[PDB]
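*Asks:* My structure is in upload01.pdb, and what it holds is PDB, C-alpha atoms:
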ATOM      1  CA  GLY V  13     -87.222   7.766  72.972  1.00  0.00           C
ATOM      2  CA  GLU V  14     -90.011   6.497  75.166  1.00  0.00           C
ATOM      3  CA  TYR V  15     -91.654   4.040  72.760  1.00  0.00           C
ATOM      4  CA  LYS V  16     -88.392   2.375  71.697  1.00  0.00           C
ATOM      5  CA  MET V  17     -87.246   2.159  75.318  1.00  0.00           C
ATOM      6  CA  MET V  18     -90.540   0.628  76.351  1.00  0.00           C
ATOM      7  CA  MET V  19     -90.365  -1.956  73.536  1.00  0.00           C
ATOM      8  CA  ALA V  20     -86.772  -2.760  74.626  1.00  0.00           C
ATOM      9  CA  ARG V  21     -88.065  -3.499  78.103  1.00  0.00           C
ATOM     10  CA  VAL V  22     -90.624  -5.883  76.586  1.00  0.00           C
ATOM     11  CA  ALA V  23     -87.856  -7.615  74.670  1.00  0.00           C
ATOM     12  CA  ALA V  24     -86.017  -8.194  77.944  1.00  0.00           C
ATOM     13  CA  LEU V  25     -88.939 -10.137  79.401  1.00  0.00           C
ATOM     14  CA  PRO V  26     -89.274 -13.927  79.080  1.00  0.00           C
ATOM     15  CA  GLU V  27     -90.650 -15.061  75.701  1.00  0.00           C
ATOM     16  CA  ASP V  28     -94.107 -15.938  77.064  1.00  0.00           C
ATOM     17  CA  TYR V  29     -94.434 -12.431  78.549  1.00  0.00           C
ATOM     18  CA  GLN V  30     -93.399 -11.056  75.174  1.00  0.00           C
ATOM     19  CA  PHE V  31     -96.036 -13.017  73.250  1.00  0.00           C
ATOM     20  CA  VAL V  32     -98.789 -12.049  75.631  1.00  0.00           C
ATOM     21  CA  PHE V  33     -97.768  -8.396  75.534  1.00  0.00           C
ATOM     22  CA  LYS V  34     -97.893  -8.520  71.722  1.00  0.00           C
ATOM     23  CA  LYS V  35    -101.358 -10.118  71.881  1.00  0.00           C
ATOM     24  CA  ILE V  36    -102.606  -7.248  74.116  1.00  0.00           C
ATOM     25  CA  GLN V  37    -100.959  -4.531  72.041  1.00  0.00           C
ATOM     26  CA  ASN V  38    -102.646  -5.906  68.946  1.00  0.00           C
ATOM     27  CA  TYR V  39    -105.985  -6.343  70.717  1.00  0.00           C
ATOM     28  CA  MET V  40    -105.892  -2.669  71.799  1.00  0.00           C
ATOM     29  CA  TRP V  41    -105.009  -1.443  68.314  1.00  0.00           C
ATOM     30  CA  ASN V  42    -107.765  -3.658  66.922  1.00  0.00           C
ATOM     31  CA  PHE V  43    -110.473  -2.548  69.324  1.00  0.00           C
ATOM     32  CA  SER V  44    -109.484   0.726  71.024  1.00  0.00           C
ATOM     33  CA  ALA V  45    -111.504   3.729  70.275  1.00  0.00           C
ATOM     34  CA  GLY V  46    -109.995   6.740  71.920  1.00  0.00           C
ATOM     35  CA  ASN V  47    -106.743   8.519  71.937  1.00  0.00           C
ATOM     36  CA  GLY V  48    -103.623   6.723  70.798  1.00  0.00           C
ATOM     37  CA  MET V  49    -101.680   8.348  73.683  1.00  0.00           C
ATOM     38  CA  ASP V  50    -104.057   6.835  76.255  1.00  0.00           C
ATOM     39  CA  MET V  51    -103.559   3.406  74.770  1.00  0.00           C
ATOM     40  CA  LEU V  52     -99.770   3.890  74.882  1.00  0.00           C
ATOM     41  CA  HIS V  53     -99.873   5.118  78.519  1.00  0.00           C
ATOM     42  CA  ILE V  54    -101.878   1.997  79.439  1.00  0.00           C
ATOM     43  CA  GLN V  55     -99.361  -0.211  77.661  1.00  0.00           C
ATOM     44  CA  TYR V  56     -96.530   1.463  79.595  1.00  0.00           C
ATOM     45  CA  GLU V  57     -98.350   0.758  82.861  1.00  0.00           C
ATOM     46  CA  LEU V  58     -98.760  -2.789  81.689  1.00  0.00           C
ATOM     47  CA  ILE V  59     -95.000  -3.112  81.021  1.00  0.00           C
ATOM     48  CA  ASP V  60     -94.305  -1.911  84.578  1.00  0.00           C
ATOM     49  CA  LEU V  61     -96.717  -4.589  85.853  1.00  0.00           C
ATOM     50  CA  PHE V  62     -95.232  -7.313  83.617  1.00  0.00           C
ATOM     51  CA  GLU V  63     -91.661  -6.381  84.608  1.00  0.00           C
ATOM     52  CA  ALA V  64     -92.520  -6.616  88.273  1.00  0.00           C
ATOM     53  CA  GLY V  65     -94.324  -9.903  87.867  1.00  0.00           C
ATOM     54  CA  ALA V  66     -91.421 -11.439  85.898  1.00  0.00           C
ATOM     55  CA  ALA V  67     -89.028 -10.110  88.545  1.00  0.00           C
ATOM     56  CA  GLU V  68     -91.087 -11.811  91.305  1.00  0.00           C
ATOM     57  CA  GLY V  69     -91.103 -15.027  89.251  1.00  0.00           C
ATOM     58  CA  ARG V  70     -94.784 -15.191  88.336  1.00  0.00           C
ATOM     59  CA  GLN V  71     -96.053 -16.618  85.108  1.00  0.00           C
ATOM     60  CA  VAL V  72     -97.633 -14.141  82.681  1.00  0.00           C
ATOM     61  CA  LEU V  73    -101.004 -15.915  82.578  1.00  0.00           C
ATOM     62  CA  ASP V  74    -101.317 -15.527  86.359  1.00  0.00           C
ATOM     63  CA  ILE V  75    -101.420 -11.804  85.586  1.00  0.00           C
ATOM     64  CA  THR V  76    -103.772 -11.837  82.597  1.00  0.00           C
ATOM     65  CA  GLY V  77    -105.801 -14.957  83.161  1.00  0.00           C
ATOM     66  CA  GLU V  78    -106.081 -17.363  80.270  1.00  0.00           C
ATOM     67  CA  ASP V  79    -108.552 -15.177  78.461  1.00  0.00           C
ATOM     68  CA  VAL V  80    -106.173 -12.440  77.250  1.00  0.00           C
ATOM     69  CA  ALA V  81    -108.853 -10.752  75.129  1.00  0.00           C
ATOM     70  CA  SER V  82    -111.003 -10.257  78.195  1.00  0.00           C
ATOM     71  CA  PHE V  83    -107.981  -8.855  80.083  1.00  0.00           C
ATOM     72  CA  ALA V  84    -107.142  -6.441  77.251  1.00  0.00           C
ATOM     73  CA  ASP V  85    -110.791  -5.609  76.882  1.00  0.00           C
ATOM     74  CA  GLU V  86    -110.991  -4.621  80.544  1.00  0.00           C
ATOM     75  CA  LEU V  87    -107.762  -2.694  80.141  1.00  0.00           C
ATOM     76  CA  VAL V  88    -109.114  -0.704  77.147  1.00  0.00           C
ATOM     77  CA  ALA V  89    -112.317  -0.138  79.188  1.00  0.00           C
ATOM     78  CA  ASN V  90    -110.585   1.034  82.364  1.00  0.00           C
ATOM     79  CA  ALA V  91    -108.341   3.041  80.011  1.00  0.00           C
ATOM     80  CA  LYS V  92    -110.951   5.830  80.368  1.00  0.00           C
ATOM     81  CA  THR V  93    -111.017   5.842  84.186  1.00  0.00           C
ATOM     82  CA  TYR V  94    -107.183   5.416  84.553  1.00  0.00           C
ATOM     83  CA  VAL V  95    -105.388   7.526  81.848  1.00  0.00           C
TER
END
Represent the structure from my file as structure tokens, please.
*Replies:*
Amino acid sequence: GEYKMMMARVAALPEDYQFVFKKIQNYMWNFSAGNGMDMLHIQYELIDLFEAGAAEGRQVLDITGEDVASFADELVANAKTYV
């Protein structure tokens, strides 16, 4: 269903987008308090953003900045306000 489909979309992205996504997914599972569904909704939003960026031809680290932990950290923090 939804999770498998969303992971398939990640697998269709360039390898660097894939690695960075995996880094963020792990960071969120490592550090997220809060509802697992919120964390998944945020990851789905992130896959929409990553798909668009790859489609426009941007590099993944333009999106996240070099400090991926700080990106993910601000994503798990704005998880509350957003989801």
*Asks:* I want to know what sits within 8 Å of range 32-40 of chain V, based on only C-alpha atoms, with residues of the same chain fewer than 3 positions away left out; could you give that as a tab-separated table (two decimals) with C-alpha atoms, keeping the file's coordinate frame?
*Replies:*
chain	number	residue	atom	x	y	z
V	22	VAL	CA	-90.62	-5.88	76.59
V	28	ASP	CA	-94.11	-15.94	77.06
V	29	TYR	CA	-94.43	-12.43	78.55
V	43	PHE	CA	-110.47	-2.55	69.32
V	44	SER	CA	-109.48	0.73	71.02
V	51	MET	CA	-103.56	3.41	74.77
V	55	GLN	CA	-99.36	-0.21	77.66
V	72	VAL	CA	-97.63	-14.14	82.68
V	80	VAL	CA	-106.17	-12.44	77.25
V	81	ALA	CA	-108.85	-10.75	75.13
V	84	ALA	CA	-107.14	-6.44	77.25
V	85	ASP	CA	-110.79	-5.61	76.88
V	88	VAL	CA	-109.11	-0.70	77.15
*Asks:* Could you tell me which of V:92, V:82, V:66, V:75 comes closest to residue 24 in chain V if we count only C-alpha atoms?
*Replies:* V:66
*Asks:* Check the smallest atom-to-atom distance from each of V:26, V:42, V:14, V:21 to residue 58 in chain V using all atoms listed in the file, then report the winner.
*Replies:* V:21
*Asks:* Have a look at CA of residue 56 in chain V and CA of residue 16 in chain V and let me know their distance in Å, one decimal.
*Replies:*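 Separation between CA of residue 56 in chain V and CA of residue 16 in chain V: 11.4 Å.
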*Asks:* State, in Å with one decimal place, the distance from CA of residue 67 in chain V to CA of residue 25 in chain V.
*Replies:*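 CA of residue 25 in chain V lies 9.1 Å from CA of residue 67 in chain V.
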*Asks:* How would range 80-92 of chain V look with N, CA, C and O atoms restored, written as a PDB file, keeping the file's coordinate frame?
*Replies:*
ATOM      1  N   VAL V  80    -106.925 -13.677  77.445  1.00  0.00           N
ATOM      2  CA  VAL V  80    -106.173 -12.440  77.250  1.00  0.00           C
ATOM      3  C   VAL V  80    -107.046 -11.367  76.608  1.00  0.00           C
ATOM      4  O   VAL V  80    -106.919 -10.200  76.931  1.00  0.00           O
ATOM      5  N   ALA V  81    -107.971 -11.747  75.728  1.00  0.00           N
ATOM      6  CA  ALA V  81    -108.853 -10.752  75.129  1.00  0.00           C
ATOM      7  C   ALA V  81    -109.696 -10.062  76.189  1.00  0.00           C
ATOM      8  O   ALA V  81    -109.889  -8.860  76.145  1.00  0.00           O
ATOM      9  N   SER V  82    -110.181 -10.827  77.163  1.00  0.00           N
ATOM     10  CA  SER V  82    -111.003 -10.257  78.195  1.00  0.00           C
ATOM     11  C   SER V  82    -110.171  -9.344  79.119  1.00  0.00           C
ATOM     12  O   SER V  82    -110.663  -8.307  79.557  1.00  0.00           O
ATOM     13  N   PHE V  83    -108.922  -9.713  79.379  1.00  0.00           N
ATOM     14  CA  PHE V  83    -107.981  -8.855  80.083  1.00  0.00           C
ATOM     15  C   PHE V  83    -107.765  -7.516  79.333  1.00  0.00           C
ATOM     16  O   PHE V  83    -107.902  -6.437  79.910  1.00  0.00           O
ATOM     17  N   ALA V  84    -107.442  -7.609  78.048  1.00  0.00           N
ATOM     18  CA  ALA V  84    -107.142  -6.441  77.251  1.00  0.00           C
ATOM     19  C   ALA V  84    -108.391  -5.591  77.133  1.00  0.00           C
ATOM     20  O   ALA V  84    -108.327  -4.365  77.239  1.00  0.00           O
ATOM     21  N   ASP V  85    -109.532  -6.259  77.056  1.00  0.00           N
ATOM     22  CA  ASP V  85    -110.791  -5.609  76.882  1.00  0.00           C
ATOM     23  C   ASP V  85    -111.073  -4.789  78.125  1.00  0.00           C
ATOM     24  O   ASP V  85    -111.504  -3.655  78.021  1.00  0.00           O
ATOM     25  N   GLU V  86    -110.783  -5.339  79.294  1.00  0.00           N
ATOM     26  CA  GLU V  86    -110.991  -4.621  80.544  1.00  0.00           C
ATOM     27  C   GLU V  86    -109.925  -3.550  80.772  1.00  0.00           C
ATOM     28  O   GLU V  86    -110.088  -2.647  81.567  1.00  0.00           O
ATOM     29  N   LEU V  87    -108.801  -3.691  80.114  1.00  0.00           N
ATOM     30  CA  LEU V  87    -107.762  -2.694  80.141  1.00  0.00           C
ATOM     31  C   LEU V  87    -108.176  -1.518  79.211  1.00  0.00           C
ATOM     32  O   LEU V  87    -108.117  -0.383  79.605  1.00  0.00           O
ATOM     33  N   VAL V  88    -108.631  -1.788  77.991  1.00  0.00           N
ATOM     34  CA  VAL V  88    -109.114  -0.704  77.147  1.00  0.00           C
ATOM     35  C   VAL V  88    -110.341  -0.033  77.747  1.00  0.00           C
ATOM     36  O   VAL V  88    -110.617   1.095  77.400  1.00  0.00           O
ATOM     37  N   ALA V  89    -111.096  -0.723  78.605  1.00  0.00           N
ATOM     38  CA  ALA V  89    -112.317  -0.138  79.188  1.00  0.00           C
ATOM     39  C   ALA V  89    -111.958   0.753  80.360  1.00  0.00           C
ATOM     40  O   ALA V  89    -112.439   1.860  80.465  1.00  0.00           O
ATOM     41  N   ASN V  90    -111.083   0.262  81.223  1.00  0.00           N
ATOM     42  CA  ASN V  90    -110.585   1.034  82.364  1.00  0.00           C
ATOM     43  C   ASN V  90    -109.515   2.028  81.899  1.00  0.00           C
ATOM     44  O   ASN V  90    -108.957   2.767  82.716  1.00  0.00           O
ATOM     45  N   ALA V  91    -109.204   2.020  80.596  1.00  0.00           N
ATOM     46  CA  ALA V  91    -108.341   3.041  80.011  1.00  0.00           C
ATOM     47  C   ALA V  91    -108.907   4.430  80.335  1.00  0.00           C
ATOM     48  O   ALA V  91    -108.182   5.301  80.820  1.00  0.00           O
ATOM     49  N   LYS V  92    -110.211   4.594  80.087  1.00  0.00           N
ATOM     50  CA  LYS V  92    -110.951   5.830  80.368  1.00  0.00           C
ATOM     51  C   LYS V  92    -110.772   6.324  81.812  1.00  0.00           C
ATOM     52  O   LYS V  92    -110.318   7.452  82.042  1.00  0.00           O
TER      53      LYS V  92
END
